[PDB]
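Only one chain comes next, encoded as structure tokens, the form deposited in one PDB entry.
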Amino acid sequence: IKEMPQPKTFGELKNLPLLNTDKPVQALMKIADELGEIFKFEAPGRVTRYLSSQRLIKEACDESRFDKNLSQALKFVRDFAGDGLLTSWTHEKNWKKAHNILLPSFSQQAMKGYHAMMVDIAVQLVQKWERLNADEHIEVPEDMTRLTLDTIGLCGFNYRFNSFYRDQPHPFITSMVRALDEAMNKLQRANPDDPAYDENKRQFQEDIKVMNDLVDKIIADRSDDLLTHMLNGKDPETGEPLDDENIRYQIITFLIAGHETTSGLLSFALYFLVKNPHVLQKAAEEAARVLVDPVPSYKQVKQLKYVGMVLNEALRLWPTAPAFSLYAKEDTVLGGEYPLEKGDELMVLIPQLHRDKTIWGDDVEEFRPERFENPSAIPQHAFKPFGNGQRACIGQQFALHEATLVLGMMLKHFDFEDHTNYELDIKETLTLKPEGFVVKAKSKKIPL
């Protein structure tokens, strides 16, 4: 029956000012480093627990005892993502309904239809880099966001964002960033509903309307894609199709979740490749011998075994959706020593779980794709970059196929140079990105 550690407090604000930082996940990682596998985190009106060990997290992942909770971050996303898949509770009727309607369009069998459109965008990336002048460099996270946003727009909605025709991000993508910044400032204000913050909310509500015109644009224009299955698919359970309002929420949901975490993964993957040249050589050799055609096929992408190992090891060190939240379904005991009451919340700190030395050994900080050479050797719930159970990431296969195809084409067509000796700087939104990561790519002059 153990007493739970807790980091330094700030009076009546409890632990909340600890999140008043521009790198909160990294700050939470440092706390778990000091306090261990579990620590209590308190805010005015809020208590949660951050789990860091596979021993405890494998228990939290028991779906009979814990269900998905909406963290404060997810409650803020809910303000425009509604009861879409990511921000609905499991007991809301629209979750299981949209889940049943939408899993068919994310199966491995469904990936074959998306592949051609994924290659369309990937070719646009390769041509951009091959058209650079000598000594021009690449802004990696920016170009990966161009790719993944264009890919989800094309594959999901048959809509072309045409990001590679833009030097500056879309207003839709710029507006998001303004909204989240206001979201995190509202926490540290004792009186957020003050008459004095109308100017803060005045610009904030404009961005919510900003997105709805694109959705009307996307719907009215309308193939075998995500948007098709939402208008014509019917839930087998209730026999019902999604209603128009929920359709709009899913489109908003898939546009965000469908691109940002995947561009982070690709950016971290390339960073680790240029910092570990032996791994890069190994990955480039596989890409060269497998991608024998000017355009990769679906089956050729499945053959990029080591590329996928690279992606998994990048996901281990820096899982770009760095946490998910749970609540206790009934009174229970965690680890035989931590009693929890019904409704008590948990946070799973994914980067800390993935650094569990009793699971991965002492070299947790080294980038070694060889950990994933045999997938069966990984214990249950030791590797959770895509969440857990029925609330796990519905886009997992989509993301990994897109990222394997794109990274394979990059390794086949260019040699990469870390010409600035880039010092990793992890920018934090609700996801993780290596900020300022730049490389030089020298074409191998292989035609498309």
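The term rigid core refers to the maximal set of C-alpha atoms that superpose within 1.5 Å between the two forms. Counting begins at 1, following the sequence as shown.
Note that the form deposited in another entry isn't included here; everything after this is about it.
K.L.:
After superposing the two forms on their rigid core, pick out the one entry in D331, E366, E182, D79 with a CA shift of 2 Å or more between the shown form and the other one.
P.N.:
Among the listed residues, the one whose C-alpha moves by 2 Å or more is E182.
K.L.:
State yes or no: after fitting on the rigid core, is the Cα displacement of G113 between the shown form and the other one at least 2 Å?
P.N.:
It does not, since the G113 C-alpha is displaced less than 2 Å between the shown form and the other one after the core fit.
K.L.:
Please say whether, between the shown form and the other one, the C-alpha of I173 moves by 2 Å or more once the core is aligned.
P.N.:
Yes.
K.L.:
Is it true that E341 shifts between the shown form and the other one by 2 Å or more at the Cα, once the core is aligned?
P.N.:
Result for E341: no, shift under 2 Å.
K.L.:
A321 and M184: do their C-alpha atoms lie closer or farther in that other deposited form than in the form you see, with a change of 3 Å or more?
P.N.:
Those two alpha carbons end up closer in that other deposited form.
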